[PDB]
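Each residue of the sequence shown is one higher than the one before, counting from 1 in the working numbering. What follows is a single structure, written as C-alpha cells, with notes after it.
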Amino acid sequence: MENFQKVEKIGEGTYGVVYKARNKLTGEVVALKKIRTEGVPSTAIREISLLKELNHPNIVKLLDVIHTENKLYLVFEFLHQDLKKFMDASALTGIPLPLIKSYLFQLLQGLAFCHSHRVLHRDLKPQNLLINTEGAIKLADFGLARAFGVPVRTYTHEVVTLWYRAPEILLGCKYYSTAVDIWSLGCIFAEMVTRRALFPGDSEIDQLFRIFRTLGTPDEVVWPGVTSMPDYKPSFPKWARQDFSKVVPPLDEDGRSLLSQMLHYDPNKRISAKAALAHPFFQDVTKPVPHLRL
Ligand SMILES: CCC(C)(C)[C@@H]1CCc2[nH]nc(C(=O)NN)c2C1
C-alpha cells in the first residue's frame, strides 16, 4: 500500500496490525488493518467484501478490501479511541449512567441492523467498540469472525479474551445465533456500570464456571437441551443463582431487568436487539457528549 502515508500505529487486532493512515489522494484519514499464507478460502474475500454494503451510523465503515501481495488490507473509518481506553480512563469516577445508557442504546441499534441482515459479530469486546467526541459509539470488526473464525491467540500470540463469550459457544454449540452478540453486549453493559469485568475467565472452564457461579448452573428447566450439548458434563458443580441486585449495583430495576434478559441462558429466549430497544430502560435515553481529553 503506497497510497497511504502511515501516521502512527493504532494497535494490534485479532488478525493483523492496524495503522492510522492518510489517503495520499483523497486526504482521507483512515484506520488501515493489514492481515498477513497459501490456502486462504476465497470465500473469505467474498464474505468480507460483502460487508462494504453493511452501512449504519453505529457500525464502523469498511471503506475497502484489498487482497494483494500475500496480504489483506481492510480500510476502516477512523475513530477517536476504543471503549476499553475510555472505561479505564473513567475508572475513578465511572462513566455517567446517561452516557452508559446512550452507548448501550446505540450499540443495540448497530446490532439490530446487522442481525436484520443476518450478519453477526461473534467476538464483541470493549476493544472493538469505538467512540468519537460527539457521543457516538460504533461496532468494529463486524463479520470478520465468520470469514476467519475466532482463534485461541491473535497474530501476535496474545490470548483472545473469553470474558464476553456466550455459554452456548463454551458448551460446544455448532451453530451460533444472533443471541451470542446480545450476551457479549450484556457483559459489556455490566462492566461499564460496575467498572469491573463481569466474568473475567482465564480459561474456558474458568469462564464457564464464573458464569455458573453468578447465574446458577443451567439445567433442563431454564435451558432445554443444555444437558445434550457437546461439552456439557453432568459433573459440573451445581451453583445457586445470585440476585442481580448483587451483580450490578447500583443499577436501577429497569437496567437490571434488561441486563437479566440479555443474559438468559437459553439463546432462543435471550432478548433480541430489536426487543431490547423497546425496553423501558430506554424511556429517558439521551445523547450526552463524553469528556475526552488529549
Ligand atoms: C476493532 C479493533 C481495531 C481493529 C483495532 C479497530 C479497527 C477500526 C478503527 N478505526 N479507528 C480506530 C482506532 O483505534 N482509533 N484510535 C480503529 C481500530
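Cβ coordinates follow ideal geometry from the N, Cα and C atoms, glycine included.
| Item | Value |
| --- | --- |
| Suppose the cutoff is 8 Å on Cβ atoms and the five residues either side in sequence are ignored; what does the same chain contact list for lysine 61 look like? | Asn55, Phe76 and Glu77 |
| By the DSSP assignment, the beta strand (DSSP E) with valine 29 in it spans what residues? | 29-35 |
| Identify the continuous beta strand (DSSP E) that holds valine 75 and give its terminal residues. | 71-77 |
| Shortest alpha-carbon distance to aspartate 202 belongs to which of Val159, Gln261, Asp219 and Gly172? | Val159 |
| Go through its chain and collect everything with a Cβ distance to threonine 37's Cβ below 6 Å, but skip five positions before and after it. | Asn70 |
| Just checking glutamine 5 against ligand 1 - is the residue's beta carbon closer than 7 Å to any of the ligand's heavy atoms? | no |
| Under 8 Å between the Cβ atoms of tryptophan 163 and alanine 197? | yes |
| What distance in whole Å lies between the Cβ atoms of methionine 192 and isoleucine 95, which are believed to be in contact at a cut-off of 8 Å? | 5 Å |
| As a quick check of your reading: which residues have a C-beta less than 7 Å from at least one non-hydrogen atom of ligand 1, in chain order? | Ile10, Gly11, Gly13, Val18, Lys20, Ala31, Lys33, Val60, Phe76, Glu77, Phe78, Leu79, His80, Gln81, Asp82, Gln127, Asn128, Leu130, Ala140 and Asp141 |
| Does the pairing of the region 2-11 with the region 113-120 give three or more beta-carbon distances under 8 Å? | no |
| Would you report the Cα separation of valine 30 and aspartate 243, rounded to the nearest angstrom? | 44 Å |
| So, is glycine 172 buried or exposed, given that buried needs 16 or more other C-beta atoms within 10 angstroms? | exposed |
| Taking the DSSP output, what are the residues bridged to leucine 129? | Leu139 |
| Which residues mark the beginning and the end of the alpha helix (DSSP H) in which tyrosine 176 is found? | Unbroken run through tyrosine 176: none, as it is neither H nor E. |
| Which residues does DSSP pair with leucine 62 in a beta bridge? | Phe76 |
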